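Notes follow once the structure below has been shown.
FYI the Cβ positions are ideal-geometry reconstructions off the backbone, even for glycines, and counts take in every protein chain you see. Each value in this text was obtained by applying a stated rule to the coordinates, not by laboratory testing.
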Amino acid sequence: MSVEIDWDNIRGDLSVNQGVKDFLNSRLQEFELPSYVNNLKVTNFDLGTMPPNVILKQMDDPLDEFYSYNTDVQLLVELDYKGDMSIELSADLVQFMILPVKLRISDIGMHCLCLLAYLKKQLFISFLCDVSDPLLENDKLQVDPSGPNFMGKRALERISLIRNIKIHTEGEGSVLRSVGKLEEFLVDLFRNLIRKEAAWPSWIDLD
């Protein structure tokens with residue numbers, strides 16, 4: 001039941017692109033940047049040249065909680081994304097001196113179940129879980145929003161939706177001791193940002 005997807009058209013739409021930088025930054029600066037970093041924003045988001053393998057699993061109406069203080073629709077979906085996605089960053093290092101640096105993230109790998117809710121001229125992406133999550137293979141997590149005790153307790157047990165992720169940066173010195181705490185940090189941060197801000201109960205909220 002595969003959903004085909006005009007990736008060229010989507011990839012081009014800058015109403016989205018901006019919307020996801022904004023989503024990234026907004027949520028990124030709720031965090032506690034350590035002492036060796038300042039002025040950490042997302043410069044540029046770039047989608048893959050190639051799309052994810054979208055597969056429709058179900059149609060429902062958008063959850064009541066997608067309603068905020070038909071022609072709407074809400075697709076439950078399998079996302080196999082082994083694509084070539086890239087998020088570009090801006091950062092400052094720190095203490096007798098400051099160096100500006102530049103980073104990419106790549107190799108974003110998710111094989112994952114996910115709600116996609118077009119309502120009021122406005123899309124929401126809430127990732128549910130990794131498809132290989134043990135917590136489905138044993139039932140014990142209700143992932144049907146039909147559908148009582150949907151996402152009930154034991155949601156917190158979920159495995160990471162990020163299956164893999166690459167991150168490189170742009171005299172040597174022991175400053176390389178720091179670009180390695182950072183690349184370590186941004187990863188371990190950026191996983192949390194997905195787990196907490198794009199995975200249900202949260203979501204990305206574009207137009």
Scan 49, 71 and give me the residue that is among the β-branched types (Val, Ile, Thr) and out of contact with any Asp or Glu (no Cβ under 9 Å at 6 or more places or on another chain).
-> 71
Matching option when the condition is assigned to a loop (DSSP other than H, G, I, E, B), surrounded by 11 or more Cβ atoms within 10 Å (Cβ to Cβ) and of a type in the set (D, E, K, R), among 195, 158, 191 = 158
Scan the stretch 1-29 for residues that are under 17 Å from residue 55 (Cβ atoms) and surrounded by 14 or more Cβ atoms within 10 Å (Cβ to Cβ) and jot them down.
-> 3, 7
Scan the stretch 142-154 for residues that are closer than 19 Å to residue 116 by Cα, surrounded by 11 or more Cβ atoms within 10 Å (Cβ to Cβ) and not β-branched (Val, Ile, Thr) and report the count.
-> 6
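Quick check on the stretch 72-82. Is at least one of its residues part of a loop (DSSP other than H, G, I, E, B), among the β-branched types (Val, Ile, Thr) and surrounded by fewer than 18 Cβ atoms within 10 Å (Cβ to Cβ)?
no
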What tally of residues in the stretch 17-44 results from selecting those that are out of contact with any helix residue (DSSP H, G or I) (no Cβ under 7 Å at 6 or more places or on another chain) and within 21 Å of residue 206 (Cα to Cα)?
-> 14
What do you reckon, is residue 98 surrounded by 13 or more Cβ atoms within 10 Å (Cβ to Cβ), at negative phi, β-branched (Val, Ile, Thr) and out of contact with any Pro (no Cβ under 9 Å at 6 or more places or on another chain)?
-> no
Can you pull out the residues in the stretch 100-132 that are within 18 Å of residue 146 (Cα to Cα) and more than 16 Å from the chain's Cα centre (by Cα)?
-> 118, 119
Which residues, taken from the stretch 30-54, are over 17 Å from the mean Cα position of the chain (by Cα), among the β-branched types (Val, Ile, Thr) and loosely packed, with under 15 Cβ neighbours inside 10 Å?
-> 49
Confirm whether residue 166 is touching a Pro at 6+ places or on another chain (Cβ under 9 Å) and more than 22 Å from residue 64 (Cα to Cα).
-> no
How do the pairs read when you match residues in the stretch 86-114 that are under 16 Å from residue 179 (Cβ atoms) with residues anywhere that are among the aromatic types (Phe, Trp, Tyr), using Cβ under 6 Å and keeping only pairs 6 or more apart or on different chains?
-> 94/36
